[PDB]
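All of the numbers you see were taken from the coordinates with simple rules; none came from a lab. So basically every Cβ, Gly included, is an ideal-geometry build from the backbone, and we count neighbours across all protein chains shown.
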2 protein chains.
Amino acid sequence: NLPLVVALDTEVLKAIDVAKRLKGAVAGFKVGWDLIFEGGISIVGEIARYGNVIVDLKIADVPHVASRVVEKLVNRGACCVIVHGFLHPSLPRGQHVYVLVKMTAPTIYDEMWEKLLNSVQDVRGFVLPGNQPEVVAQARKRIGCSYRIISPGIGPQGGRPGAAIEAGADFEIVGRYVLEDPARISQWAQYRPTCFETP
Amino acid sequence: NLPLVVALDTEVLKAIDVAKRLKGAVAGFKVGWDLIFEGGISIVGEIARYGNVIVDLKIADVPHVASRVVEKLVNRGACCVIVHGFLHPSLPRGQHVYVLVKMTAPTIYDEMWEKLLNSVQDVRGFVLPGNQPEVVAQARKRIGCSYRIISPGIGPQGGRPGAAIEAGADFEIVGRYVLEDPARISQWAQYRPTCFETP
Ligand SMILES: [Cl-]
Ligand code: NI
Ligand code: NI
């Protein structure tokens, strides 16, 4: 399959249609508030029928709340969840957790992302912005193949297809550019994850 | 005007009943993860029938996404929405936005919350931890009554009822403690918001 996680930022039925269409062709699907707002958490389980589901609600709550939230999501079928690294040291951990340490837009992460990255362990991997392949490459240098790296910020007006993967990422997260025409997934055909076969 | 926002961290039907019971007795209701997961976004409109709704999904996404999520929640009946200040300078703005700048648990905010507080303008208000009254008081020396302050972390395991209001908060946010026995709201009877009559 292609090293692409498709963000399903669209309506429930259309999201299911895309997941059905792309099952086995891509590495997974990203489910966010657009979908969860429509009918609730059940949508996670529907998409999870068709592939690995990363739930991305940018989780950033205190531990006893974050714990409950992650548990509900994984129980509904999520493979993993994206959480904010800024919570450190109150950071959800474990193999179901991806830790965001720099965003695609300017934030307080910018002054500290590499120190934060170096301090975090016992997680599935990290989210690094694919619109900054230099950041992805430096991250991979720091951590080697010890953890996954997944990267959004790929598509029009960010990193071109494969830019983050070439810089060291495992998977690129892409939304509208693929949703508007899923045939475009062929642009990732030449690429393979840097370190891990699955997200 | 009890200076209390009741967190409906519970199931949909129970949340409805509690809100009906407390209609006009409290300042508002906080709708979060648990309710949205169960009932989707429609729950916001249902609770709004009974009082002001603050939606707390700890929004922490890039500002185009965040601003659209805020607007969608407001359109469904929310008066305002809590977002993470860590995303500065890529933060949504305006009268529907409460900005969290320090949590009840240890996080990276703790080394910079006051600088962040002073950097953020043109929002509705700030969320500051009521289990740390000293932080609420220091925030007022910096911002005065220019913006609202609301505070969670109030309860048997946190700050005493009124502790945050006395330190300078406008409203305290309380969940389980009040849900267990709604008669407990009487503990807030002798308190009044420091700066703003409404959240
Ligand atoms: Cl991002
Ligand atoms: Ni995963
Ligand atoms: Ni409000």
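Other protein chain C-beta atoms within 10 Å of residue C-beta, averaged over A:98-108: 4. Applying 0.36 nm per residue to the separation of B:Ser186 and B:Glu11 and subtracting their alpha-carbon distance, the gain on full extension is 60.6 nm. State which stretch of chain B is the longest one without any exposed trypsin sites (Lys or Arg not before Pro), exposure meaning a DSSP loop state and at most 16 other Cβ atoms within 10 Å. The segment B:94-199 is the longest one with no such site. Residue by residue along B:36-44, Cβ atoms of other protein chains within 10 Å of the local Cβ number 5 on average. Could you compute the longest span of chain B free of GluC sites (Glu not before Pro) located in DSSP loops and having at most 15 other Cβ atoms within 10 Å, not counting the site residues? It works out to B:12-196. Based on Cα contacts under 8 Å between residues 6+ apart, chain A shows a relative contact order of 19 percent. Once you've got the Cα coordinates, tell me which of A:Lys58/A:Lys102; A:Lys58/B:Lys58; A:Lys23/A:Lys72; A:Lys72/B:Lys102; A:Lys58/A:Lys141; A:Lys115/A:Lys141 are over 18 Å apart. Checking Cα-Cα distances, A:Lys23/A:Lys72; A:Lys72/B:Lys102; A:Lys58/A:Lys141 exceed 18 Å. When A:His88 is represented by a point 7 angstrom out along its Cα-to-C-beta vector, the spacings to that point in the other copies are 2.0 nm, nearest first. By the helix-only formula, in which each DSSP H run with n ≥ 4 contributes -39500 (n - 2.57) and the sum is divided by residues, chain A has a 222 nm mean residue ellipticity of -9000 deg cm²/dmol. Of all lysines in the structure, the ones whose alpha carbon falls short of 20 Å from that of B:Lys20, not counting any fewer than 8 places away in one chain, are B:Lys30. Using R0 = 22 Å, the C-beta based FRET efficiency linking A:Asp110 and B:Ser146 works out to 0.20.
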